[PDB]
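The chain that follows stands alone, in the form deposited without 3,4-dihydroxybenzenesulfonic acid (4SX), written as structure tokens.
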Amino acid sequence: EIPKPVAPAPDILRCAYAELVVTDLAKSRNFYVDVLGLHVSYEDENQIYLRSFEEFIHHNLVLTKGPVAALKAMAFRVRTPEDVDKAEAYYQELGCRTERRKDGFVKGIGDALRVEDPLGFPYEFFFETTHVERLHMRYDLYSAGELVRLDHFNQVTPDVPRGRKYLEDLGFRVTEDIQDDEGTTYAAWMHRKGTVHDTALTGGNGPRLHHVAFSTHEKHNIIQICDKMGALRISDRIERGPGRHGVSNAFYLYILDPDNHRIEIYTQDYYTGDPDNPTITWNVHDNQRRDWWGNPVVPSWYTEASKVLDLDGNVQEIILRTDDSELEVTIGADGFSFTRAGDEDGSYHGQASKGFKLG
């Protein structure tokens, strides 16, 4: 029900950075720099600008001190300076609030457009950015858990098909989704850069930000993040994983920052750059769709996500999902999942897999 503008979509290259508001900058720095090993591009008493090992643009993550932890912006880089004008015209045709800043909203980004999009998310579009030393061969700096790239964002929104249509008009290509036989869609993944995704929609009350994901080179890098968190006696901040995803086929881990912003560590999905890339649809009751090994999805993964801000810095209204809940239909009292479709053996009814019920 979001109309396709007459104005052409901006040519979006990829997800580029997120700006997160955090309440205690020093505690956040300990997490993202000391625990996770991200590289400081700039910092002061109010903000920390961080980048991954292989990045050449100024940053992939901005931590901004503020009163309420929330997503401030999720930024996509566009192909040319002119694409920023294209974005402004596009979102103005959609009737969205926009704000244009020739000098950027954060350090190391030039001409940029921020919008309150039709789903209530603060999107930024920019071309201009300050190039920095690309650390991709700085093995003298390489950590055993090195985060090498920003991979994607994941957004919680109550009506997945409505947002899917809007993102497809914007140029995102759907690669995978989760549906049921009744016709409910629970989640969709969509890309620009030729990986499984740049952003994704997860069914739930929204707008809220589900997570920001970074890549590693290898699976052992993700294991090391887990081991290091055990060493630091902060294993309570490992939310879910590590595991192998069904959707995306990536090896993964979810952890929680000091303000409960969820970060995913991700590796080794597949190439999606061909225009006829085969879509994959999974059934919601398939117990291998989220964790391929059938490990249970922790309930907080379905219920918890970050606030997002509007262009005034105020928290966006959250709308209740009315479509069926993935948690409820799979691991809730009236839910079920299977290992083999139609087989009662290896099926779970009214609880999660591996012998667990909801706490």
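Residue numbers run from 1 along the displayed sequence.
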- prompt: Once you work out the mean C-alpha B-factor for both 11 to 19 and 332 to 340 from the entry, which is higher?
  reply: 332 to 340
- request: Higher average CA B factor in the deposited record is what I'm after, so tell me if that's 79 to 87 or 199 to 207.
  value: 79 to 87
- prompt: Of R149, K102, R240, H136, which one's C-alpha B factor is largest in the deposited record?
  reply: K102
- request: Quick one: which of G108, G246, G230, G183 shows the highest Cα temperature factor in the PDB entry?
  value: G183
task: Divide the modelled residues of the chain into thirds by Cα B-factor and specify which third, lowest, middle or highest, holds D269.
output: middle
query: Is the Cα B-factor recorded for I318 in the lowest, middle or highest third of its chain?
result: middle
message: Lowest, middle or highest third: which one holds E93 when the chain's residues are ordered by CA B-factor from the entry?
response: highest
message: Considering every modelled residue of the chain and its Cα B-factor in the PDB entry, is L170 in the lowest, middle or highest third?
response: highest
- line: Binned into thirds over the chain's modelled residues, the C-alpha B-factor of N260 lands in the middle
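Another form exists, deposited with 3,4-dihydroxybenzenesulfonic acid (4SX) bound; not displayed. Remarks below refer to it.
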query: Is the site here open or blocked once 3,4-dihydroxybenzenesulfonic acid (4SX), taken in the deposited complex, is overlaid via the site C-alphas (blocked: 3+ ligand atoms within 2.4 Å of backbone or C-beta atoms)?
result: open
One stretch from 163 to 171, 67 to 75, 98 to 106, 262 to 270 that, in the deposited complex, holds residues within 4.5 Å of 3,4-dihydroxybenzenesulfonic acid (4SX) by heavy atom: 262 to 270
message: Is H211 near 3,4-dihydroxybenzenesulfonic acid (4SX)? Define near as a heavy atom within 4.5 Å, in the deposited complex.
response: yes
Residue contact check: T216 to 3,4-dihydroxybenzenesulfonic acid (4SX) in the deposited complex, 4.5 Å heavy atom: no
task: With heavy atoms only and a cut-off of 4.5 Å, decide whether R51 touches 3,4-dihydroxybenzenesulfonic acid (4SX) in the deposited complex.
output: no
4.5 Å heavy atom contact, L113 and 3,4-dihydroxybenzenesulfonic acid (4SX) in the deposited complex: no
message: Please tell me whether the candidate spot formed by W189, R240 and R290 is one where all three residues come within 4.5 Å of 3,4-dihydroxybenzenesulfonic acid (4SX) in the deposited complex (heavy atoms).
response: yes
message: So 3,4-dihydroxybenzenesulfonic acid (4SX) isn't shown here. In the deposited complex, which residue out of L150, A87, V247, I222 has a non-hydrogen atom within 4.5 Å of it?
response: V247
